[PDB]
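1. Fold the stuff below for me.
(one chain, ligands or ions: 17)
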Amino acid sequence: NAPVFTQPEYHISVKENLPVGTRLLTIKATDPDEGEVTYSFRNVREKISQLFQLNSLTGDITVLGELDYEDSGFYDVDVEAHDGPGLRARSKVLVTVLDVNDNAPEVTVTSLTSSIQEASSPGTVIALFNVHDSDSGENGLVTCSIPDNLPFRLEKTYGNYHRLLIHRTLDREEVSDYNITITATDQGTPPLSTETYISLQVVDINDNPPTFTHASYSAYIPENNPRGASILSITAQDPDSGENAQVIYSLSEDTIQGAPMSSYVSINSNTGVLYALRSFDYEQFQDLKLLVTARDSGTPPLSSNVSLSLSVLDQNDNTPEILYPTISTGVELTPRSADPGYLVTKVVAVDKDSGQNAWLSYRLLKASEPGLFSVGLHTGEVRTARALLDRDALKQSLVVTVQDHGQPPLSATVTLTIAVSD
Ligand SMILES: *[C@@H]1O[C@H](CO)[C@@H](O[C@@H]2O[C@H](CO)[C@@H](O)[C@H](O)[C@H]2NC(C)=O)[C@H](O)[C@H]1NC(C)=O
Ligand SMILES: *[C@@H]1O[C@H](CO)[C@@H](O)[C@H](O)[C@H]1NC(C)=O
Ligand SMILES: *[C@H]1O[C@H](CO)[C@@H](O)[C@H](O)[C@@H]1O
Ligand SMILES: *[C@H]1O[C@H](CO)[C@@H](O)[C@H](O)[C@@H]1O
Ligand SMILES: *[C@H]1O[C@H](CO)[C@@H](O)[C@H](O)[C@@H]1O
Ligand SMILES: *[C@H]1O[C@H](CO)[C@@H](O)[C@H](O)[C@@H]1O
Ligand SMILES: *[C@H]1O[C@H](CO)[C@@H](O)[C@H](O)[C@@H]1O
Ligand SMILES: *[C@H]1O[C@H](CO)[C@@H](O)[C@H](O)[C@@H]1O
Ligand SMILES: [Ca+2]
Ligand SMILES: [Ca+2]
Ligand SMILES: [Ca+2]
Ligand SMILES: [Ca+2]
Ligand SMILES: [Ca+2]
Ligand SMILES: [Ca+2]
Ligand SMILES: [Ca+2]
Ligand SMILES: [Ca+2]
Ligand SMILES: [Ca+2]
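-> Numbering: from 1, shown residues only. Ligands and ions are numbered 1, 2, ... in the order given. Have a look at this structure:
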């Protein structure tokens, strides 16, 4: 009779990743009469013909083309058998393909937002993306990941549609740009990830003013100073960017000695270098109060004020004046009967400067009769040091020198003519 298969249908359950040529199964037919047995496909299917290879003699079924679960999951194959002339025996072969997580998730970004205002309202849609995975089961479910520390809340809009919203108010002065990476994680083991990142640039509002490094300033200038002298350097900082962060310096206008402030001090608008336009004579005025403003470009401008206090330092640049005596007989008198210590005269002198530069000391330089008189060091009193004698001359002359105590010191000289009275 006809041959007999060991089973009218053969089953197998294999994974889709089975290498080509791997033996799938083996079909057996036997003749019961007492040989040569043919094994051939029955109704050849083009997909089944490409995907499965069997020879007649071995009767083994091996893989000819890679099986993709995503293409087809079940195969119904018709097989028969010949003994030569006799009736062809029929038998089915059923191949169950299993799913292997061999497709990482594919993320398609539908909408996006590439810029956001600093003081913007939270809740703006940053991105609306959808993820699709070709695999099946838990190998096909997908989760969307965003860095944890970054303060935003991501939620799923509907089904596999997700939204990326702003949970925390944004401020440009913290970080400039963003490289936000959403990583798609597969649930099937081992998991397969596919990450996609989006770029962003933060809009910058002019909401911060320029701030000075010190709440108040104070500089010092010598009395005489060159034209265009470098007095100070001022610097203010603006945490913004672009036009909204440039600094421009100005000197608020006041009046000194009836003259505008622009007469003595200028500032460079770009570099806070304070320049002195004239020399500040200490005996004319000692100090001036200034106000420095710093603004930014763009609209509207945003500025700040700082209180500068400029002080001129005195310099010994004035010789003492001897107001007494001047060129009334220039001759002072002294009695012949004058006791020791008689106040003959007293030198009067002043000094335009201040402090040690206005500290006068008078000393005796030259005397017609040496031990007769005495000049008070700090009072300038010309007095008698001894009693007068008949030998002493009728007309006397002293040379007094007035010194200031500055650095370096300056002196003056005066000759006193003192007549001896009788
Ligand atoms: C965002 O950052 C990632 C890094 O986390 C960047 O990825 C780099 O890409 C270059 C170019 O192909 C690779 O050579 C590096 O290996 C990647 N860095 C890694 C893996 O850490 C990505 O290009 C950035 N994109 C934007 C828009 O900023
Ligand atoms: C600067 O002037 C503004 C108003 O013009 C004022 O609000 C501010 O207090 C002033 N600066 C200082 C340090 O007082
Ligand atoms: C010019 O130079 C002086 C030093 O001589 C600085 O102190 C000033 O700030 C400016 O830079
Ligand atoms: C601001 O910039 C000036 C330059 O003009 C410096 O001299 C100052 O010390 C501050 O850094
Ligand atoms: C008065 O005295 C001072 C200091 O002794 C001198 O520097 C000056 O020239 C004048 O003679
Ligand atoms: C006082 O005396 C001195 C002498 O050294 C002169 O140099 C000066 O001009 C003043 O007459
Ligand atoms: C007064 O006269 C004397 C001369 O003894 C000078 O030395 C002095 O400088 C001042 O002219
Ligand atoms: C007496 O004479 C002297 C010059 O010898 C003067 O310096 C003095 O002021 C007074 O006239
Ligand atoms: Ca596959
Ligand atoms: Ca698969
Ligand atoms: Ca997958
Ligand atoms: Ca801000
Ligand atoms: Ca800003
Ligand atoms: Ca600003
Ligand atoms: Ca002077
Ligand atoms: Ca002076
Ligand atoms: Ca002086």
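
2. From here on, just use CA atoms for contacts and neighbour counts.
-> Will do.

3. Next, the residue in the stretch 51-200 of the chain that ligand 14 sits nearest to: secondary structure please.
-> Residue nearest to ligand 14 within the stretch 51-200 of the chain: residue 173 (11.2 Å; CA to the ion). For residue 173, the assignment made with DSSP: H, G, I helix; E, B strand; the rest coil gives coil.

4. gap between it and ligand 5?
-> Noted for residue 173: a distance of 63 Å to ligand 5, by CA to the nearest ligand atom, to the nearest Å.

5. quick one, phi/psi of the residue minimising distance to the centre of the chain?
-> Geometric centre of the chain, nearest residue: residue 239, 7.4 Å, by CA atoms, centre = their mean. Recorded main-chain torsions at residue 239 are phi -70, psi 0, according to degrees, to the nearest 10.

6. With residue 358 instead?
-> When quoted as degrees, to the nearest 10, the phi and psi of residue 358 stand at phi -110, psi 10.

7. Quick one: neighbours of the spatially closest residue to residue 29 that is not a sequence neighbour, just the number.
-> Of all residues not flanking residue 29 in the chain, residue 5 sits nearest, at 4.2 Å (CA to CA, 6 or more residues apart in numbering). Residues lying near residue 5 (other CA atoms under 10 Å) number 19.

8. How about the contacts made by the residue in the stretch 251-400 of the chain that ligand 4 sits nearest to?
-> Across the stretch 251-400 of the chain, no residue is closer to ligand 4 than residue 271, which sits at 4.9 Å (CA to the nearest ligand atom). By CA atoms under 8 Å, 6 or more residues apart in numbering, residue 271 lies in contact with 233, 234, 235, 249.

9. Quickly list what the last one is bridged to.
-> For residue 249, the residues forming beta bridges with it (DSSP bridges) are residue 294.

10. what's the answer for the second one, then?
-> Beta-bridge pairing for residue 234 (DSSP bridges): residue 272.

11. Report how many residues lie close to it.
-> 17.

12. Torsion angles phi and psi at residue 242?
-> According to degrees, to the nearest 10, residue 242 has phi 70, psi -140.

13. Look up how far residue 234 lies from it.
-> 21 Å (CA to CA, to the nearest Å).

14. The stretch 251-400 of the chain: strands as residue ranges?
-> Taking DSSP state E, counting those that start in this stretch, the strands of the stretch 251-400 of the chain run over residues 255-256, 259-260, 265-267, 272-276, 287-295, 304-313, 321-324, 331-334, 343-346, 348-350, 360-367, 373-375, 381-384, 395-404.

15. For ligand 17, find the nearest of the ones you listed.
-> strand 395-404 (5.2 Å).

16. Against which helices or strands is the closest one packed?
-> Judged by 3 or more CA pairs under 8 Å, 6 or more residues apart in numbering; DSSP states H and E, the packing partners of strand 395-404 are strand 360-367, strand 411-420.

17. can you tell me which residues contact the residue nearest to the centre of the chain?
-> By CA under 8 Å, 6+ apart, the contact list for residue 239 reads 173, 208, 209, 210, 245.

18. what's the answer for residue 3, then?
-> Applying CA under 8 Å, 6+ apart, the residues contacting residue 3 are 29, 30, 31, 32, 81, 82, 83, 87, 88, 89.

19. Adding secondary structure, write those out as CSV.
-> Compiled in CSV, the contacts of residue 3 are given as follows (three-state DSSP):
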residue, secondary structure
29, strand
30, strand
31, coil
32, coil
81, strand
82, strand
83, coil
87, coil
88, coil
89, strand
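
20. which of the residues you listed are buried?
-> Buried members of the contacts of residue 3, scored by 16 or more other CA atoms under 10 Å, are 29, 30, 81, 82, 83, 88, 89.

21. Show me which of those is closest to residue 201.
-> Among those, residue 81 lies closest to residue 201 (CA to CA), at 71.8 Å.

22. Next up, the contacts around the closest one.
-> Contact analysis of residue 81 by CA under 8 Å, 6+ apart lists 3, 29, 37, 38, 39, 40, 88, 89, 90.

23. Mind telling me what element residue 67 is part of?
-> Per DSSP states H and E: residue 67 is located in neither a helix nor a strand.

24. cool, residue 194 as well?
-> In the assignment (DSSP H and E), residue 194 maps to strand 193-202.

25. For ligand 2, state which of the contacts of residue 81 is nearest.
-> For these, the nearest to ligand 2 is residue 40 (98.6 Å; CA to the nearest ligand atom).

26. Just grab the bridge partners of the closest one for me.
-> Residue 40 has the following beta-bridge partners by DSSP bridges: residue 80.

27. ok, now which ones touch it?
-> 54, 55, 56, 79, 80, 81.

28. Find the nearest non-adjacent residue to the second one, please.
-> Residue nearest to residue 55 in three dimensions, not counting chain neighbours: residue 39, with 7.0 Å by CA to CA, 6+ apart.

29. Residue numbers of the protein in contact with ligand 16?
-> Within the chain, the positions adjacent to ligand 16 are 314, 315, 316, 317, 353 by CA under 5 Å from the ion.
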